[PDB]
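coords please:
(chains A and B)
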Amino acid sequence: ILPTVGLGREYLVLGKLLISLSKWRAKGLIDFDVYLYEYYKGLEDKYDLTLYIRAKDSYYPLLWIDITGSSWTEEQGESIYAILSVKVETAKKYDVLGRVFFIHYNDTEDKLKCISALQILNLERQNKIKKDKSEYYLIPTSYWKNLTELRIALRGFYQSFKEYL
Amino acid sequence: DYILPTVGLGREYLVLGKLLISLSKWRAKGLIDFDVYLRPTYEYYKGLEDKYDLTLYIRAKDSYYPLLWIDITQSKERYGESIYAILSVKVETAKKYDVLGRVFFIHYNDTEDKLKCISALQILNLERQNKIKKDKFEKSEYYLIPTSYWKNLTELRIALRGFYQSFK
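Residues are numbered from 1 along each chain as shown, chains lettered A, B, ... in the order given. Right below this line is the structure:
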């Protein structure tokens, strides 16, 4: 396990995500604990981080998160991020487009930024981003959004599945 | 089995990330000329393996040798100056195994936007000079160390190179 700038950037994003999640819970923004037949078993090991919730004595994955460390640009204007098309196609297959998030840390703005698999496909339909060859979606940082999006999804899908059971 | 997010754990990964970036930049810029290998939590210092948060190894053929051990660890309005508490046992262990200069404590300074460090050796030296104090809160002793006594990662870099050359 050799150090790289990319791996360090990933742990940086993970750290910032954990802090946010903790602060949301403490401030009362989220009213439930998140944890870091088995539902969505095929999504196991597909994404970097899975956010679970307690059903009873079982755990249910609510959101799946992919950590994006280094950008396509900052390894030598606006920062551009490359996101694997396979990650988005998997979210489509398992009908979880709004629950699959990609996250990066913007240094200049000093803030975590997110985008859903749903929104990536939406930007493709609008011809704002395109797939290109392993295919990658090239997504400028302005199309990414702050973690408020993730927080709203977290609460909404929690309420949906709390009702589903 | 399932862990709950905490601000403390988030800060640890943040420090770990910053450390990995720094180590990588030193290697890329030629500030270190050898490969370092991390591991979170005859083989030398096997008793120290579970004692600290991170261990930096170097590749000795197919074996790994630990060069340094690293521990990851508002305050101004409360105490007048920013102070960090380090468990006394962590320093006692460094003394016991005679690795005082190879055991480092690290925190992320948010205002300065930099990682700060101090060695177990430096802590004991400050204690002898009566510059810092040990103290019990409630047992488990703690060294109370103001941020000004901490130093930038250049200290750690010099140690890394020096001890690499020593054991090579």
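
So residue A:53 versus residue A:6, what's the distance?
30 Å (CB to CB, to the nearest Å). The C-beta positions use only the backbone N, C-alpha and C, and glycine is treated the same way.

Residues of chain A that sit close to chain B?
Residues of chain A lying close to chain B by CB under 8 Å from any CB of the partner chain are A:1-5, A:7-23, A:25, A:33-36, A:52, A:59.

swap the cut-off to 6 Å and go again
With CB under 6 Å from any CB of the partner chain as the criterion, chain A meets chain B at residues A:1, A:3-5, A:7-8, A:11-12, A:14-15, A:18-19, A:21-22, A:35-36, A:59.

remind me, longest helix of chain A?
Scanning chain A for the helix with the most residues, using DSSP state H, yields helix A:5-27.

Tell me where chain A has helices.
A:5-27, A:85-93, A:117-125, A:148-164.

Could I get the contacting residues of residue A:68?
A:81, A:102, A:104 (CB atoms under 6 Å, 6 or more residues apart in numbering or on different chains).

now do residue A:113
A:104, A:106, A:144.

closest to residue A:86 among the residues you listed?
Residue A:86 has its nearest neighbour among those in residue A:104, at 18.1 Å by CB to CB.

Look up how far chain B lies from that closest one.
For residue A:104, the distance to chain B equals 13 Å [CB to the nearest CB, to the nearest Å].

now residue A:41
Distance of residue A:41 to chain B, computed by CB to the nearest CB: 16 Å.

what's near enough to touch the residue nearest to the spatial centre of chain A?
Nearest residue to the geometric centre of chain A (CA atoms, centre = their mean): residue A:101, 2.3 Å. Applying CB under 6 Å, 6+ apart to residue A:101 gives the contacts A:65, A:114, A:116, A:150.

Return the member of these nearest to residue A:137.
Lowest distance from residue A:137 to these (CB to CB) belongs to residue A:116, with 12.2 Å.

For the closest one, give its distance to residue B:107.
35 Å.

Buried only: go through the residues of chain A next to chain B for me.
The neighbour-count test (16 or more other CB atoms under 10 Å in any protein chain shown) marks A:3-5, A:7-8, A:11-12, A:14-15, A:18-19, A:21-22, A:35-36, A:59 as buried among those.

Sheet partners, orientation included, of the longest strand along chain A?
As assigned by DSSP state E, the longest strand anywhere in chain A is strand A:59-67. Here strand A:59-67 has these sheet partners by DSSP bridges: strand A:49-54 (antiparallel), strand A:100-106 (parallel).

Tell me which of those sits most buried.
Mean neighbour count (mean count of other CB atoms under 10 Å in any protein chain shown) peaks for strand A:100-106 among the strands paired with strand A:59-67, with a mean of 23.

Would you check the distance separating that one from the middle of the chain?
Offset of strand A:100-106 from its chain centre (CA atoms, centre = their mean, to the nearest Å): 5 Å.

Can I get that strand in PDB? Just the C-alpha atoms.
Only the C-alpha atoms of strand A:100-106 are listed here, as PDB (Å, rounded to 0.1, in the frame of the first residue of the first chain):
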ATOM      1  CA  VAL A 100     -26.400   6.600  -6.000                       C
ATOM      2  CA  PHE A 101     -24.300   9.700  -5.400                       C
ATOM      3  CA  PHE A 102     -20.800  10.700  -6.500                       C
ATOM      4  CA  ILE A 103     -18.900  13.100  -4.200                       C
ATOM      5  CA  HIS A 104     -15.800  15.200  -4.500                       C
ATOM      6  CA  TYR A 105     -14.200  18.000  -2.400                       C
ATOM      7  CA  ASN A 106     -13.800  21.400  -4.100                       C
END
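
the inter-axis angle of it versus helix A:117-125?
80 degrees (axes from the mean of the first three to the mean of the last three CA atoms, to 10 degrees).

Next, the angle helix A:5-27 makes with strand A:100-106.
110 degrees.

And for residue A:34, the neighbour number?
20 (other CB atoms under 10 Å in any protein chain shown).

Isn't it up against residue A:49?
No - between residue A:34 and residue A:49 there is no contact, the gap being 10.6 Å when judged by CB atoms under 6 Å.

How far off centre is stretch A:49-60?
The answer for stretch A:49-60 is 17 Å, by CA atoms, centre = their mean.

Now the terminal residues of that stretch, how far apart.
13 Å (CA to CA, to the nearest Å).
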